Amino acid sequence: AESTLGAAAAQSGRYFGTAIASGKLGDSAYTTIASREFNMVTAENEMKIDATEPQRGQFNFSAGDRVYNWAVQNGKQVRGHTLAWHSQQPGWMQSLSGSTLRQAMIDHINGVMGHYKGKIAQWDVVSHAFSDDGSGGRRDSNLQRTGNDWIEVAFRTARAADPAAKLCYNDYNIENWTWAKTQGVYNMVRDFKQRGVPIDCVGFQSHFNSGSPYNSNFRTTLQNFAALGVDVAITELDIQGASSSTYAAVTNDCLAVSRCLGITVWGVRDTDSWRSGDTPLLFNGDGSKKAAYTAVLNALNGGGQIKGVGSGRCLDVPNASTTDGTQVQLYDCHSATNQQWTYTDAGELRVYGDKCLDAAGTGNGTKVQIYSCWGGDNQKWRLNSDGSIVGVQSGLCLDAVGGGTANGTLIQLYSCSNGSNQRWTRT
Ligand SMILES: O[C@@H]1[C@@H](O)[C@H](O[C@@H]2CO[C@@H](O[C@@H]3CO[C@@H](O[C@@H]4CO[C@@H](O[C@@H]5CO[C@@H](O)[C@H](O)[C@H]5O)[C@H](O)[C@H]4O)[C@H](O)[C@H]3O)[C@H](O)[C@H]2O)OC[C@H]1O
Ligand SMILES: O[C@@H]1[C@@H](O)[C@H](O[C@@H]2CO[C@@H](O[C@@H]3CO[C@@H](O[C@@H]4CO[C@@H](O)[C@H](O)[C@H]4O)[C@H](O)[C@H]3O)[C@H](O)[C@H]2O)OC[C@H]1O
Ligand SMILES: O[C@@H]1[C@@H](O)[C@H](O[C@@H]2CO[C@@H](O)[C@H](O)[C@H]2O)OC[C@H]1O
């Protein structure tokens, strides 16, 4: 299949997952999208230390099992997140140190992995162990103070607890190869593989924003780790602004690495995001697919003027007008600014530089025109591989009225039909 992210990824033996929040599983809109699009699930918080072991020796898997069962019942594998790390520790663990903390760490791993033995595809055994100070060294935490060998111990413990689970080291800001942090993790994993430490994968959270931007060398990082003999996975992907090109780029990086198991985005809709203000996911709050969604889908499926297939004519702004409200038409193709459209990372189709293909409504027959660019979803479009152009807000296709092919045929929104008057080719 190839109409959903999970199915499209499966074509190359990969998966496309999301982070599921137990509190949202009772949401029809949420579950409809989640069950349909993803085939891998990570509990957003339900399998962390404080959630699974509120009291030392007292385990609670109610919430974790709810997400797990929903995942398997709906055809998704599960990534366990996370067994040992400095964040979100229950109060009792936060105050522990030395040998007692080391024992608690081990006990926690055995308890949680034991409960889910043989049912977890990947476990983020250790997370966030390195610092952001630029030294490339370990971050100072109670776990690190128990001995630099805590990570190695965590992994050896995990292997014995559940030999069937792939064991991953997970962290953020380790995507750009030139960063010290990235190098620190690389050296650690290289050391582990050389000494036989049981580690099967490295998880790259991939939280990209202007503070820690995506860089094409992320592919190099993935390939360098893959060369060590470990699988790699994009575990908590979200991109500030949800740039279509960046989302497609990350997707293609995984597809370019045979050892990249799959990609998980950190959430379903922008409104479900831990950083909703960065509108970093693939679905809008109203549940509509964003421009980035189609960019990712096209990439998973194999991956100027806009000319209509059925008419052989180009999307044209009448008399090269720059007046807001001017409805677009079909017209003989020629070199003119009123026929030069630029698709942006935000999903707009710009003309004249600051004018945007705009839909003045959401129903059939809605006039497609130009209007000042401002970022509305009625100015954002999805470029399908089949040649159709779908409005984000409306979910409707650009359509040449009445199947018209002559000069002057107007453009409207209309239920997608795969008709030639709804298919376009970029020149
Ligand atoms: O419901 C919530 C859960 O969703 C949430 O999940 C955790 C989210 O992801 C992981 O934790 C976060 C990872 O990203 C960190 O922020 C980085 C910090 O560094 C920034 O870049 C810096 C820019 O300036 C430079 O000088 C510096 O060197 C750079 O590091 C980067 O842009 C940010 O994205 C967050 O602090 C982490 O919390 C974790 O795996 C998930 O479990 O957990 C909370 C829950 O409520
Ligand atoms: O995917 C399937 C759908 O395609 C199918 O319904 C199709 C919907 O599009 C139909 O063609 C439309 C008909 O309307 C034309 O525009 C109107 C022309 O007259 C004007 O007065 C009016 O204002 C315009 O809106 C549009 O250009 C043309 O593409 C097609 O015939 C239907 O079959 O339904 C089943 C779906 O699975
Ligand atoms: O007379 C006007 C037409 O000129 C206009 O369409 C233009 C035709 O010439 C082409 O070179 C232009 O690109 C195209 O916009 O449509 C409206 C009509 O009244």
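Counting starts at 1 for both ligands and their atoms, in listed order. Residues take their numbers from the sequence shown, with the count starting at 1. Just so it is clear, the values below take in all heavy atoms, side chains as well, and ignore hydrogens, waters and symmetry mates.
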Ignoring hydrogens, just give me the one of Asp278, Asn173, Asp272 whose non-hydrogen atom is nearest atom 29 (C) of ligand 1. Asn173
Below a 4.0 angstrom heavy-atom separation, can you tell me which part of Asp132, side chain or backbone, both or neither, approaches ligand 1? both
Residue portion contacting ligand 1 (non-hydrogen atoms closer than 4.0 Å) for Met47: neither
May I ask you to list the atoms of ligand 1 that are less than 4.0 angstrom from any heavy atom of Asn209? 32 (O), 34 (O)
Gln305 versus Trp341, side-chain donor and acceptor atoms under 3.5 Å: no
re atom 30 (C) of ligand 2, the protein heavy-atom contact at minimum distance is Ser417 CB, 4.7 Å
Does the protein place a non-hydrogen atom closer than 4.0 angstrom to atom 28 (C) of ligand 2? yes
What protein heavy atom is closest to atom 6 (O) of ligand 3, reported as residue, atom name and distance in Å? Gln329 NE2, 3.1 Å
With a cut-off of 4.0 Å, which atoms of ligand 1 are near a heavy atom of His81? 40 (O), 41 (C), 42 (O)
Part of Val317 within contact of ligand 3 (heavy atoms, under 4.0 Å): backbone
Show the atoms of ligand 1 that are less than 4.0 angstrom away from any heavy atom in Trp85. 42 (O)
What about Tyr116 and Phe61, are their ring centers closer than 6.0 Å? yes
Using a 4.0 Å heavy-atom cut-off, which part of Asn45 comes near ligand 1: side chain, backbone, both, or neither? side chain
Relative to ligand 3, is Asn319 under 4.0 angstrom through side chain, backbone, both or neither, heavy atoms considered? both
What do you think, any protein heavy atom under 4.0 angstrom from atom 1 (O) of ligand 2? yes
Nearest to atom 13 (O) of ligand 3, what protein heavy atom do you find, and at what distance? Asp316 OD2, 2.7 Å
May I ask you to say whether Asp149 pairs ionically with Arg102, meaning some side-chain N is under 4.0 Å from a carboxylate O? yes
Using distance alone, decide if ligand 2 has a nitrogen or oxygen within less than 3.5 Å of any nitrogen or oxygen in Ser415. no
